[PDB]
Colleague: 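So that we are looking at the same thing, I have put the structure below in structure tokens.
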Amino acid sequence: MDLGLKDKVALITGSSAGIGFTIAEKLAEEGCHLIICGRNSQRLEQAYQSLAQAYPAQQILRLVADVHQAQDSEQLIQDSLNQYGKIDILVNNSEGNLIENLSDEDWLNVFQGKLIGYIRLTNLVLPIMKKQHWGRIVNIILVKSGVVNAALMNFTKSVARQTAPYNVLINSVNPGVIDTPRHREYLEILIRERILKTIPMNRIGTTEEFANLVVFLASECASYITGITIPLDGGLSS
Amino acid sequence: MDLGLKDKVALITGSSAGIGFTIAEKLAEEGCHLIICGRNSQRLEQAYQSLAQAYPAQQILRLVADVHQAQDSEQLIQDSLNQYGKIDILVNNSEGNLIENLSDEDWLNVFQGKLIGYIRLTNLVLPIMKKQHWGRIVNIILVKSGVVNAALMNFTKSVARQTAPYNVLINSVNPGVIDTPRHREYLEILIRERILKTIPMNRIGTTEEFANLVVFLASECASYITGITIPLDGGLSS
Amino acid sequence: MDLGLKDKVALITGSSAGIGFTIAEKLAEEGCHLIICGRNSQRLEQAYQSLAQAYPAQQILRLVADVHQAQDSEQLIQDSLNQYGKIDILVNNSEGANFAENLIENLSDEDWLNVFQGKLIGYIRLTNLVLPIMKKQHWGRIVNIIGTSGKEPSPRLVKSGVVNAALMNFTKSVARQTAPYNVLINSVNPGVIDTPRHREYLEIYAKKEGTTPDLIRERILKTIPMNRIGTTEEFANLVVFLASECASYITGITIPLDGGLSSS
Amino acid sequence: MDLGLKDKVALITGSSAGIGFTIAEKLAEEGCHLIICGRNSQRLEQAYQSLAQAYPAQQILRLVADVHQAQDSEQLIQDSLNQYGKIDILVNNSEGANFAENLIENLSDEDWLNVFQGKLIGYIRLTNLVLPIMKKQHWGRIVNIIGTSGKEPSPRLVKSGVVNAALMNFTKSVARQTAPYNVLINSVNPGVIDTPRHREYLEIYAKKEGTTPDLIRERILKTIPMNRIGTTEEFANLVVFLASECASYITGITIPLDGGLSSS
Ligand SMILES: NC(=O)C1=CN([C@@H]2O[C@H](COP(=O)(O)OP(=O)(O)OC[C@H]3O[C@@H](n4cnc5c(N)ncnc54)[C@H](OP(=O)(O)O)[C@@H]3O)[C@@H](O)[C@H]2O)C=CC1
Ligand SMILES: NC(=O)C1=CN([C@@H]2O[C@H](COP(=O)(O)OP(=O)(O)OC[C@H]3O[C@@H](n4cnc5c(N)ncnc54)[C@H](OP(=O)(O)O)[C@@H]3O)[C@@H](O)[C@H]2O)C=CC1
Ligand SMILES: NC(=O)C1=CN([C@@H]2O[C@H](COP(=O)(O)OP(=O)(O)OC[C@H]3O[C@@H](n4cnc5c(N)ncnc54)[C@H](OP(=O)(O)O)[C@@H]3O)[C@@H](O)[C@H]2O)C=CC1
Ligand SMILES: NC(=O)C1=CN([C@@H]2O[C@H](COP(=O)(O)OP(=O)(O)OC[C@H]3O[C@@H](n4cnc5c(N)ncnc54)[C@H](OP(=O)(O)O)[C@@H]3O)[C@@H](O)[C@H]2O)C=CC1
Ligand SMILES: O=C(O)C(=O)Cc1ccc(O)cc1
Ligand SMILES: O=C(O)C(=O)Cc1ccc(O)cc1
């Protein structure tokens, strides 16, 4: 399937590893130029080397940035604009009795992470994409988590409604269980066997499997799709 | 229907007018003692006089408080505890290209309004209600608005799950169009005719109509209901 | 709370036992005259007797009727009209799909056709029947007793879940139409409520998985955040409220009544 | 993107025109062999000819069949098996309920029974039929073409919405069962997509409200945030992706493809 992505410029946040990284791969495969970023500069360099060597015809800008900080995010965007003159795709992918436990500071702190992180990065790409009349934004979306994720889901709806007139489409993807660094991490922090028993597919998803969907949403082929959140979860949501 | 509310202590935020006020009325009618609050002290005194005179057998504590400020909210709760020794009910009711328009400050500011406002007031009543083994919390729940409301809806789900074991039930109610001060306000800021045409009931709801539901959720009769958000909207959500 | 129900005429289908029976009790207690029904005569008489003796101040009409059959359902409504001249409240409550098989390919057309000709058409038909009556008087309440499988379908409930989703959508569409006539249509999704059908459901899934009802119950309970199975009285409360004058601005919605089951 | 579809055998129901036809084109283009069908012979031949000439490298089998009838649907699958020995992809696509009447009380049992015996049982039956086939080979994709009325029901769509909600629930339940067999079941809800049925829908609602199709279209458009009606190609893209090896971790979901209609 021709996805019409040749020479599109894709900013993928959190692309030094896991889902972010595979997405970057898959976009370069469709012929995108990339902006990959992350805060670990060494992790990112590795990502960068691997990418450049697999995709020698594609431009790849690497920028060390924390997309939870305002200044870094503005510079990320301005640096990408300086480099390519356009940004066509944004994949927002950054990190997310008990309840009565959580202070005001604890709540404000998670709002100023990924919540405000995705909103701000969106705000920042919107004028560029509207100018181009071409845009794709894919948000990669557990009490604190669920509140932010619900907020993001509705943010997606409302922003899609507004920018659809400019062919700037915005959607979200909900991972179930995906074999990423954090996950081989946060089950060595056999237990896996108990998760498999909860996934109707009896199997954990690959980052490749996850990326396939994001790339399709980021393509020309998805031109009539906007405002939706799609679970990618091996059937967990059944 | 006997709602089992005799001598229950109900904190109703925003009860100097509109929905908040009618809820307070309806709770006193079922035999609750009240804590009513608001920032307009004069509006609140009027509410208070009207209440006291309609319900002379019921205790009514009035406290001037902004339930969007941390300090006011802690004092509101501690003042109510000092007065009655318990708080049985909490009704959280406080006030809620364009998008790329909104700054980080603009977003953080609305998070620190009603979003954090309901979460904090909940956190603050939870230990009291758990101790009593009896609790009812009803959250009265448009881009900024919709994001906070989505966040609150999911917050409701998660907190209900956690405190259900203590018979502290928490639910939410979504108003459609209700004839409140703000609404006779924000359609004189005939236009009404265009809203009626959107409400399948061809009529705007009364605060009485709205309160009936909240009071039922706040009652003993609702002992098996928790974690849900109910629209009260004359059929708008059809 | 005054529900404004004194002398309303209420038809509760499947009211000889379980959820429907307790709803009828509670509507009687608010001052309604009832029409109650069931398929088994002896059960129904037992329910009628208990109601008549507990609420002798209220008229109660009991009719043997299968509200999955058109004839009986048409007759039910006419007999209710001949007696009372009006019907103010309908509670659609009747048996949903059986618990025998859930493996999908193994279900034939016939098994689906029956499903659809049961509770599904049952509630729609009875709704079509009471609508003109409620409309002409501009007062009407219909409460569909559905099931949470309609929202979140379960392994033992493929058929049931399909029926329930459908009825949840029907609810919205009809509420939209009748709204301007003060005829309000809502639905309630019981989670797990202690009735004969639930106890029968326990009995047999134990036998089938080679365990006891008790351990089945224990399992269910671990999934309910309130850690208990609801009572028919707890469930009737909400149904009675929705059937009331107090619910006058609520239409088109389906509410889970489930001890938090939906929040888990 | 390589979709991994080379030599998959795909059955697209209702493929002589509109959404189904464009899906078939697009599956052919990815390297699938097709089974296409319809009720009208002359239309079908026209579709077959166009496909055969456009994609002569691919086997195409065309059969006249009403996939609302059990006989024809059973025969369809056997004829498909006799030809290819396997079926890898099913796209459930057939006519839903008529646009004539939406006022509810005015719909009889028979009108509902037909509804339920149409697209509703049609998709369920055909699903039951292809399931063992896909299961034995551990590869299967089924994509149900439903409708947004299933999520958000509309005044001109009471019946349709009821059917669609039901099918959306069916989707979840069957996906859960077949998931471990790498047989994936999803659904797509078209918003407004420019087909013969949509143009026919325009024609007649104009006539009925005493306006022109153009002004009906203008009205629809004002409600679509993209301010345009979708193309069958735009819609086929997503269906083809879901039928693909690339969609290997997606099951049990229904996706709106609607130019933002759901976000409004
Ligand atoms: N994995 C899963 O199954 C699930 C994932 N999600 C969500 O999907 C997204 C992907 O997670 P996953 O791949 O598992 O996580 P990983 O931690 O495995 O990968 C995260 C990647 O993003 C980078 N990153 C993280 N934070 C920032 C930041 N603030 N600024 C710039 N780069 C950042 C990391 O590099 P560095 O640390 O160097 O910046 C790394 O490359 C997350 O938002 C997560 O919340 C949600 C539910 C389940
Ligand atoms: N009315 C409607 O149709 C809709 C309402 N809602 C929500 O329902 C709730 C009720 O709104 P409604 O009655 O219309 O609003 P009104 O402004 O009519 O009434 C609000 C009441 O709450 C008080 N109040 C407001 N803010 C605070 C605060 N920060 N601290 C303490 N008291 C406060 C007000 O008094 P004072 O100003 O003196 O504090 C007043 O008594 C709101 O949260 C609103 O967002 C949502 C959608 C529609
Ligand atoms: N109990 C629960 O936890 C749940 C209940 N539900 C739903 O709630 C409703 C009530 O269930 P429940 O109270 O548990 O069931 P019970 O079997 O315990 O009670 C059912 C009552 O309805 C009568 N009845 C059943 N079908 C018909 C019919 N076609 N015509 C007339 N009367 C009928 C029965 O009498 P007779 O057999 O003699 O007619 C009996 O009086 C059902 O729709 C069920 O699907 C859904 C999910 C969970
Ligand atoms: N177009 C839209 O915007 C929307 C479409 N949908 C749904 O999407 C699907 C496709 O609709 P659309 O492409 O617009 O319809 P069209 O009528 O334009 O195309 C339908 C095709 O399917 C065939 N067909 C219809 N019913 C049957 C049957 N029982 N057996 C075999 N073939 C059949 C028709 O041929 P013949 O008549 O000769 O059999 C024709 O080839 C339908 O399920 C519809 O309900 C839902 C909402 C909106
Ligand atoms: O799934 C639902 O909610 C149902 O409608 C079916 C049902 C009926 C009775 C029970 O005891 C359990 C399940
Ligand atoms: O409501 C839906 O989504 C449907 O399934 C019915 C439908 C079918 C074709 C149309 O052109 C419009 C509506």
Side-chain angles (χ1 to χ4, degrees), chain A residues 13-21 37-41 44 47 64-68 72 92-94 96 113-114 117 140-141 145 149 173-181 183 204-205 207 210, chain B residues 13-22 37-41 44 47 64-68 72 92-94 96 113-114 117 140-141 145 149 173-181 183 204-205 207 210, chain C residues 95-97 99 119 145-150 153 157 160-161 163-164 189-193 195 197-199 201-202:
Chain A
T13 78
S15 31
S16 80
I19 282 155
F21 176 78
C37 73
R39 44 222 173 0
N40 192 321
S41 142
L44 194 62
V64 171
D66 183 345
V67 296
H68 294 173
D72 271 39
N92 277 309
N93 173 70
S94 71
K114 182 165 114 166
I140 309 334
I141 286 169
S145 186
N149 292 346
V173 182
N174 249 90
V177 195
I178 309 294
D179 185 15
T180 60
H183 165 73
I204 276 116
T207 57
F210 191 82
Chain B
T13 78
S15 31
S16 80
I19 282 155
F21 176 78
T22 305
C37 73
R39 44 222 173 0
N40 192 321
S41 142
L44 194 62
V64 171
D66 183 345
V67 296
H68 294 173
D72 271 39
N92 277 309
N93 173 70
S94 71
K114 182 165 114 166
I140 309 334
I141 286 169
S145 186
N149 292 346
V173 182
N174 249 90
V177 195
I178 309 294
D179 185 15
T180 60
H183 165 73
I204 276 116
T207 57
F210 191 82
Chain C
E95 200 175 299
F99 311 143
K119 170 174 174 175
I145 313 315
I146 298 187
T148 50
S149 71
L157 299 163
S160 203
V163 162
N164 287 356
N189 281 345
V192 193
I193 303 307
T195 58
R197 186 77 169 153
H198 154 88
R199 269 167 258 119
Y201 163 106
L202 286 187

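Order of appearance sets the numbers: ligands from 1, and atoms from 1 within every ligand. Note that these values count all heavy atoms, side chains included, but never hydrogens, waters or copies made by symmetry. By convention in this document, chain letters (A, B, ...) are assigned in the order of the sequence lines, proteins followed by strands, and residues within each chain are numbered from 1.
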Colleague: As an exercise, identify every atom of ligand 2 less than 4.0 angstrom from a heavy atom of B:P181.
Modeller: 18 (O)
Colleague: Is ligand 2 less than 4.0 angstrom away from at least one heavy atom of B:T13?
Modeller: no
Colleague: Does B:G20, backbone or side chain, put an N or O under 3.5 Å from an N or O of ligand 2?
Modeller: no
Colleague: Between B:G38 and ligand 2, is there a nitrogen or oxygen pair with a distance under 3.5 Å?
Modeller: no
Colleague: Output the distance between atom CZ (C:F99) and atom CG (C:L202), rounded to the nearest 0.5 Å.
Modeller: 9.5 Å
Colleague: Going by the atom numbers of ligand 5, which of them fall below 4.0 Å from some non-hydrogen atom of C:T148?
Modeller: 3 (O)
Colleague: Is any side-chain heavy atom of B:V173 closer than 4.5 Å to one of B:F210?
Modeller: yes
Colleague: Does B:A65 come within less than 4.0 angstrom of ligand 2, counting non-hydrogen atoms of the residue?
Modeller: yes
Colleague: So, for C:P190 and C:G147, which heavy atoms are closest and what is the spacing to 0.1 Å?
Modeller: CD-N, 3.7 Å
Colleague: Rounded to the nearest 0.5 Å, how far does NZ of B:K114 lie from CD1 of B:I141?
Modeller: 6.5 Å
Colleague: Any idea which heavy atoms bring A:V64 and A:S41 closest together, and the distance?
Modeller: CG2-CB, 3.8 Å
Colleague: Working to the nearest 0.5 angstrom, can you tell me the gap between C:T148 OG1 and C:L157 CG?
Modeller: 7.5 Å
Colleague: Check for me whether B:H68 has a heavy atom closer than 4.0 Å to any atom of ligand 2.
Modeller: yes
Colleague: Could you grab the distance from atom CD1 of B:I19 to atom CG of B:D179, nearest 0.5 Å is fine?
Modeller: 10.0 Å
Colleague: Does even one non-hydrogen atom of C:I146 get within less than 4.0 Å of ligand 5?
Modeller: yes
Colleague: Enumerate the atoms of ligand 2 whose separation from the nearest heavy atom of B:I140 is less than 4.0 angstrom.
Modeller: 8 (O), 9 (C)
Colleague: Heavy atom to atom 29 (N) of ligand 1, shortest distance: which of A:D66, A:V177, A:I178 holds it?
Modeller: A:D66
Colleague: Considering non-hydrogen atoms only, spot the tightest contact between A:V67 and A:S94 and give its length.
Modeller: CG2-CB, 3.7 Å
Colleague: Do any N/O atoms on B:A17 end up under 3.5 angstrom from N/O atoms on ligand 2?
Modeller: yes
Colleague: Look at atom 3 (O) of ligand 5 and find which of C:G96, C:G147, C:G150 reaches it with the closest heavy atom.
Modeller: C:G147
Colleague: Of all the atoms in ligand 5, which lie at a distance below 4.0 Å from a heavy atom belonging to C:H198?
Modeller: 11 (O)
Colleague: Among C:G191, C:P190, C:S160, whose heavy atom sits nearest atom 4 (C) of ligand 5?
Modeller: C:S160
Colleague: Quick one: which of B:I204, B:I141, B:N93 has a heavy atom closest to atom 11 (O) of ligand 2?
Modeller: B:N93
Colleague: Any chance you could measure B:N92, atom CG, to B:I140, atom CD1, to the nearest 0.5 Å?
Modeller: 8.0 Å
Colleague: Rounded at 0.5 Å granularity, tell me how far OG1 in A:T13 sits from CG in A:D66.
Modeller: 10.5 Å
Colleague: Answer with side chain, backbone, both or neither: which part of B:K114 has a heavy atom less than 4.0 angstrom from an atom of ligand 2?
Modeller: side chain
Colleague: Could you report the tightest heavy-atom contact between B:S15 and B:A47, atom names first, then the distance?
Modeller: O-CB, 3.8 Å
Colleague: Side chain or backbone, does A:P175 bring an N or O within less than 3.5 Å of an N or O on ligand 1?
Modeller: no
Colleague: Looking only at distances, please establish whether an N/O atom of ligand 5 is found under 3.5 Å from an N/O atom of C:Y201.
Modeller: no
Colleague: Within the 4.0 Å heavy-atom shell around B:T180, which atoms of ligand 2 are there?
Modeller: 1 (N), 12 (P), 13 (O), 14 (O), 18 (O)
Colleague: Do you know which two heavy atoms are closest between A:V177 and A:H183, and how far apart they sit?
Modeller: CG1-CE1, 3.6 Å
Colleague: Provide the closest heavy-atom pair for B:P181 versus B:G18 in the form atom of the first, atom of the second, distance.
Modeller: CD-CA, 3.5 Å
Colleague: Please identify which atoms of ligand 5 are closer than 4.0 Å to at least one heavy atom of C:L157.
Modeller: 1 (O), 6 (C), 13 (C)
Colleague: Who gets closest to atom 21 (C) of ligand 1 by heavy atom: A:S16, A:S94, A:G14?
Modeller: A:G14
Colleague: Which of the numbered atoms in ligand 2 are under 4.0 angstrom from any heavy atom belonging to B:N40?
Modeller: 36 (P), 38 (O)
Colleague: Using a strict 4.0 Å cut-off to heavy atoms of B:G96, name the atoms of ligand 2 that fall inside it.
Modeller: 45 (O)
Colleague: Side chains of C:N189 and C:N164, heavy atoms from C-beta outward: is any pair under 4.5 Å?
Modeller: no
Colleague: Before signing off on this row, confirm whether B:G176 and ligand 2 have an N or O atom pair separated by under 3.5 Å.
Modeller: yes
